[PDB]
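A structural walkthrough
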Amino acid sequence: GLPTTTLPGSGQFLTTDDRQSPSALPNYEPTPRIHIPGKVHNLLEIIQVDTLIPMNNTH
Amino acid sequence: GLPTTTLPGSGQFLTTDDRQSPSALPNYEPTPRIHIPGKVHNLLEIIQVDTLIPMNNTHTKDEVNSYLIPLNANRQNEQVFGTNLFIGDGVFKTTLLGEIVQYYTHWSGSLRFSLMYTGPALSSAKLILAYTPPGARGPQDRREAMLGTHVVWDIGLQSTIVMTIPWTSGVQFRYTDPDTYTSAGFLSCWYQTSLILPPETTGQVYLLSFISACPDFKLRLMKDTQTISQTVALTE
Amino acid sequence: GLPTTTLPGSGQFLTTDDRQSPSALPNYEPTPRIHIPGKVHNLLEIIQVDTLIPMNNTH
Amino acid sequence: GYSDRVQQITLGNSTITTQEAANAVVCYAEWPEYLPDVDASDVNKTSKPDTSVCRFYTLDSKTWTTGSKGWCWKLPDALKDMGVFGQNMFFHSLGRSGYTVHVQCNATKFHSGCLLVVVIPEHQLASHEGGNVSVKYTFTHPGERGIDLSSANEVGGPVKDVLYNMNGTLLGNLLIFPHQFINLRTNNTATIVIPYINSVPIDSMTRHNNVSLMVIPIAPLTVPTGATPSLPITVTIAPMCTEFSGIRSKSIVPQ
Amino acid sequence: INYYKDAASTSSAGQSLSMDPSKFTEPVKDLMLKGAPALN
Amino acid sequence: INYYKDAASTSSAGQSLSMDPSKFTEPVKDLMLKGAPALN
Amino acid sequence: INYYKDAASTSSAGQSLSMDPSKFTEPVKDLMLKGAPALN
Amino acid sequence: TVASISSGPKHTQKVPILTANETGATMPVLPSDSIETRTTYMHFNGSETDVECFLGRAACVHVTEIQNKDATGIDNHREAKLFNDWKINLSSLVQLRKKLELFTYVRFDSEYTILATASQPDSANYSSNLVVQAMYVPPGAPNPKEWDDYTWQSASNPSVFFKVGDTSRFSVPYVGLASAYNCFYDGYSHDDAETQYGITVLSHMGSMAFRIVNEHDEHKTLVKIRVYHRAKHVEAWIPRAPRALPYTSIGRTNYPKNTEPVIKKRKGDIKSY
Amino acid sequence: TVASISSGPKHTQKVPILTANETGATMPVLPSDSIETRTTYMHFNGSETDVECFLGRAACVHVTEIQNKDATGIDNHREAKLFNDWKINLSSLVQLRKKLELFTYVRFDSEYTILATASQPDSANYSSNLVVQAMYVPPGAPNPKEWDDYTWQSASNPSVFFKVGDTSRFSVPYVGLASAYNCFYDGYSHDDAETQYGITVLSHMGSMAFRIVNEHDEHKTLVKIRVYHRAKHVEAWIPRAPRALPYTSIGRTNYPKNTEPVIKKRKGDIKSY
Amino acid sequence: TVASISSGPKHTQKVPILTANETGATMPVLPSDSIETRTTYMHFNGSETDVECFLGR
Ligand SMILES: Cc1cc(CCCCCCCOc2ccc(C3=N[C@@H](C)CO3)cc2)on1
Ligand SMILES: Cc1cc(CCCCCCCOc2ccc(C3=N[C@@H](C)CO3)cc2)on1
């Protein structure tokens, strides 16, 4: 038995933390990926495509 | 599953502990630093800059005048000012030195006390500043004063005189907060000869006095300052 | 997140255990030691000095 | 035969000579310099009028009398109307600058008096009303006139109490800011070089002042017998390494 | 260190650091050079 | 050992051990030597 | 393994294993040999 | 390191103790320039005066309170403390404030600890464990209207759920818009004739919203939230004079009128000890 | 290691058993100087008599008590135990005191454990988990006046928050002003004719303040605090005679008048067994 | 990485700002194609806009 101390924050759930978890479906094999045109990696990729501005807002 | 045991103290929150925490904002990129003159790294850097001491504390409401130590022409043998050296209280207390010392419990080191003369250029004066180490009373006359640490100051072209209160102590640390056992002495100043004004001139002349710490100085065991408090939370 | 199990005795306070603790005064510098004659290391050092026995206990 | 005492500063088309100086202070030991690329953000090339803006402007003179409490000027405000410096100021969106400040006050070897000349980076003033009353714009933009600490409280203006630096701190501790004394017996001028100090690389010159220059009598003026009881104090200031960026239409500011 | 056997149980992935907007911003068949005329 | 990915999540920094009061105590333009006259 | 930065936070010290009673049991100025007469 | 060197009698033309303070310098004079000293060592590093250490311990920055009670018929949850909210700020409480305002610009990461304790004022029964939810609602994002709005879904906004009686802890990077946070700002948000003066305009960092996730039991439960803040990775520029008068407002320098003399008057003369 | 060597008959001019105790020495005489012995080994190191071991286990040094109750209309929180305070000291309880005073000067780091248990004397309902706050109020720093003063912000003063029923543990470096703590001090704080004598004047180490963070429930709750202290990294100088009479005061050597004979009288003669 | 390069006056036959949006492209025009710029660096990677980050809380 190794001695430990727990710190403030133990047991909290922070929606933004990133840790490991047990898989509920041990050993399951996902469907293979096939190729699909159009993959997005960054939202910065798409905000460089121009779109129309409803400038004439007066309606 | 690795076997563990939790010790006493688990779950406590100690405001002074230093550990890692998850970031709430994963992957966020802070603004770049640009250069800004003036970076401070240690409070020890700043307590070496001297600031004015309201030595003339005798007023009744805070005034620019309690920074001015007056001098009288033609007095001989007499005493210009006196103070004990409780740097955390009394005259010292509002100075930057006094103000920082109050964030710590213990101090040790030498102090630098200087006086800048502001009288007409055609006047002259010789003063004696004396440091009295712990153990004797505040000196009562120059004879008594002159037997301890002292500097005869001759007022000249060079306007300021820097007296050092060298660390004289049995115990290597003293409390900031007024302790007896831990007390540091007295500082007094007397006419060595006397102030003399030129013709066509009259009245009082004043000395400005500063305090800063020597590079010698140590402060330790941080705590809360008696210099600030509040009764309800502030709002916008 | 590494999986753990806590054993019997968790949370107990044993006045005789010897472990690490956080310092309440982070970074504080203690007064230097100076030399003092007389250091004791073991109680076995001192019980070899003889002392008087109130043998005449009859008072 | 160089003395700490005599000095000449030539900047642009203007020169100052002092024969009774007491060295010069360079804030935080740094000398004004232009904005490096590594620190840049705005993509605009900046404009550096050089000698037409980096010369010495002498503000109107003040009069130290035995009752004076002290005066306060803000930068770049104090210069908002000086020559082309000022025009550039109202015409660009952003600008940046360092300064040489030269405060002048001469008397004779029978006078006494001592002024503190100090530069305070980000001097946020307090309302004399207390609470959370704000200090209106006009009040913190006195222009070349500066603020006269012995003038009366006004409404929407700052507090003018000297033992508190106009902000809740004691006069005695102003010495932690770059400063120099003018002690009639020693000194006759004070000179401070101010590098640009901000938390952003360049800023607006009209909505934010980045230093207040403060001249405060501390040992009262004492003139020789039957002398006139007052001396003028003059402040001359020169922008140095000025850069303007984001030119356009020309700001319109309150009052 | 993964403590678990399955890949789904590992933490979040790490930045694509891929980034290529041209499939979205310039899907034209004949290449357009900036500075050259759009329509020749 | 950092257990977390972001730098903000690490513990306190470690002593500057920088320390140079001269920007505050001696910001004069012409260097003053202790022992030499202040004003020449 | 120390988990903490300060020395006060470490566990108990480890045995002096110093042990020298002579400062207490034989602080005499001229050395006494067992077996030789106490007072000569 | 030597704290003092050995120095003996002096009869020179070289006087280190005469200076001209008008210059603005504090000449580095030592005991050995004016008395005869002996060698002594420092034995000390100045570790605990590092600014990281000075600003690096948790300070209480905010105490708020919310209650768990039947919201049935409450027209204004916010007003019933069915979920309070706090306009994040770091000058509401003063112990830490005076410490930070010793500097003009400050840059650091924050570590927050949130302690939540419950109180049952009106004589009660069984208290079912309440779980608090603390959301970060930065400026531009919907702010909660009822204690159970869509807002609380918080799909893009970091939120932590912990139990009353426990503590929550997480750390946020330096979120300032500029290179440092301004402790002071002598400016306006624009050249308006009536806009507010100060940093209030620079302090925008949004607010943080707390609520209990639990529905109501038969009694009412008061939960009081205390937020602690610890600076880590500190960087501070341009020291200033310490605060002397009391504070009146978050973000302005203003002091109260008819305040009291802050310098202690002597009981005696200038000459007194 | 041999505990005894083998030694046989002796008929010498060299007598190790005759000495002169007037000299102040304890001559190192052994069984083998006066009887015939056989070899035997020690099999032992003297591990558990090391001073680190002797002073190194936790001892109870203080029991105090505070209560959680409605402070409404209390004119003196301190007096209602709305928050007690303890003048840190290490001689209030005697088991550990006699152990330390076997030495004149002692130097060590302290590890504190604080156990807090709750009691509900007046028949009650549901007890909501109380959280205790333990502040270190060194001398020179504002000492708490109400149970919820600005003091408790403790922005610069180390404080720990733990739950009643649990334990808190942290360790403080050796905070003495000198090189060691004086277990005894035959001096005064100054040459005053009426100043106190003893160490009380050297013991200054300030006090430690406890309070409950929780507001009040309908019943009252008594929380009793026990502070345990363990010396780690011990260094002790100059052994002294053990304490024989009972103690009367923290910090003075004084014993009670008409105390009882401390040496057990024989039931019989000097000659008795 | 540079966010903007330095660029000065232009008087060309090569106009990067005239395009034909009918083509469906968004031509990659920059500040330096139409005003005079100074060098500046990005100081930023676009970390927190990665889709793993966007959908990962
Ligand atoms: C769940 C959850 C909750 C949160 C909160 C995120 C932290 C955001 C707060 C950012 C730091 O806030 C400030 C505010 C003011 C100042 C400041 N004002 C001046 C006096 C000085 O500094 C500094 C930081 O994150 N996740
Ligand atoms: C939270 C929190 C609470 C604390 C307390 C800090 C510990 C300070 C106490 C320092 C050690 O106190 C003493 C007092 C007396 C003696 C002593 N007196 C003589 C008989 C011998 O030793 C030694 C240590 O720290 N963080």
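Residues numbered from 1 in each chain as written, not as in the entry; some residues may be left out. Chains lettered and ligands numbered in written order. Part of a larger assembly, values for the part shown. Heavy atoms only, no water.

In terms of determination method and resolution, the entry is listed under X-ray crystallography at 3.0 Å.

Taking the PDB entry as the reference, chain J is identified by name as RHINOVIRUS 14 belonging to Human rhinovirus 14.

Looking at the PDB entry, one finds chain H named RHINOVIRUS 14, with Human rhinovirus 14 as its source organism.

Right, let's get into the overall build of chain H. Within chain H, the regular secondary structure consists of 2 helices and 12 strands. Starting at the N terminus and walking to the C terminus, you meet the elements of chain H as β-β-β-α-β-β-α-β-β-β-β-β-β-β. Taken over C-alpha atoms, the radius of gyration comes to 26 Å for chain H, far larger than the 19 Å a tight globule of 273 residues would show. Taking the principal axes of the C-alpha coordinates as reference, chain H spans close to 90 × 50 × 45 Å. Entry remark: accessible area of chain H is about 10,500 Å², with carbon and sulfur atoms responsible for 50%. (Helix = DSSP H or I, 4+ residues; strand = E, 2+ residues; numbered from the N terminus. Rg over C-alpha atoms; globule rule 2.2 N^0.38 Å. Areas by Shrake-Rupley, 256 points an atom, 1.4 Å probe, with all protein chains shown as cover.)

Attention shifts here to the site of ligand 1. For ligand 1, the set of nearby residues contains 16 residues, the closest of which are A24 of chain B together with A134, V160, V172 and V175 of chain H. Two or more chains meet at ligand 1, and those chains are chains B and H. Coverage of ligand 1 by the protein chains reaches 97% of its 640 Å² of free accessible surface. Elements with a contribution of two residues or more to the shell around ligand 1: β7 (131-137), β8 (159-163), β9 (167-172) and β10 (181-182) of chain H. By residue class, the composition of the shell around ligand 1 is 13 nonpolar, 3 polar and no charged. (Near = heavy atom within 4 Å. Nonpolar A, V, L, I, M, F, W, Y, C, P; charged D, E, K, R; others polar.)

Bringing the arrangement of the chains into the picture now. By contact count, the dominant pairing among the 28 pairs of chains in contact is that of chains B and H. The two units chain E and chain I remain apart, with a minimum C-alpha distance of 31 Å. (Contact = heavy atoms within 4.5 Å.)

Turning our eyes to something else, we now look at the interface of chain G and chain C. Across the contact, 18 residues belong to chain G and 18 residues belong to chain C. Taken together, the links from chain G to chain C amount to 0 salt bridges. Along the contact surface separating chain G from chain C lie 6 residue pairs in polar contact. Classifying every residue of the side of chain G that touches chain C gives 6 nonpolar, 9 polar and 3 charged. (Salt bridge = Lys/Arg side-chain N within 4 Å of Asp/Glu carboxyl O. Polar contact = N/O pair within 3.5 Å; in protein donor to acceptor, adjacent residues only side chain to side chain.)

Counting residues at the interface gives 99 residues for chain B and 81 residues for chain H. Contact with chain H buries surface across chain B, with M222, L234 and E236 of chain B losing the most and accounting together for 10% of the total. Linking chain B to chain H there are 6 salt bridges. Between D18 of chain B and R230 of chain H there is a salt bridge; the shortest N-O distance is 2.6 Å. At the surface where chain B touches chain H, the tally comes to 46 residue pairs in polar contact. Take the side of chain B that touches chain H: its biggest share by element is 6 residues, from strand β6 (residues 79-84) of chain B. Here the residues of the side of chain B that touches chain H are counted per class, giving 46 nonpolar, 36 polar and 17 charged. (Buried area = accessible area lost by both parts, 1.4 Å probe.)

For the rest of this paragraph, the subject is the side chain of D6 of chain F. Structurally, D6 of chain F is set in the segment before α1 (22-25). In this structure, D6 of chain F is in contact with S23, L25, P26 and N27 of chain B, ignoring residues within four places of it in sequence.

Inspection of the entire model under this criterion finds 46 salt bridges over all chains. Of the charged contacts in the structure, one is a salt bridge between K264 of chain H and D89 of chain B, with a shortest N-O distance of 3.1 Å. A residue pair is termed interchain when its members come from two chains, as with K264 of chain H in the segment after β12 (221-239) and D89 of chain B in the loop between β6 and α2 (96-101). In this structure, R97 of chain H and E101 of chain H form a salt bridge, with 2.8 Å as the shortest nitrogen-oxygen distance. Per residue, the accessibility class of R97 of chain H equals that of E101 of chain H, and both read buried. Taken together, the shared-partner salt bridges in this structure form one network comprising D18 of chain B together with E111, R169 and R230 of chain H. (Buried < 20%, exposed > 50% of the residue type's maximum accessible area, 1.4 Å probe, protein only.)

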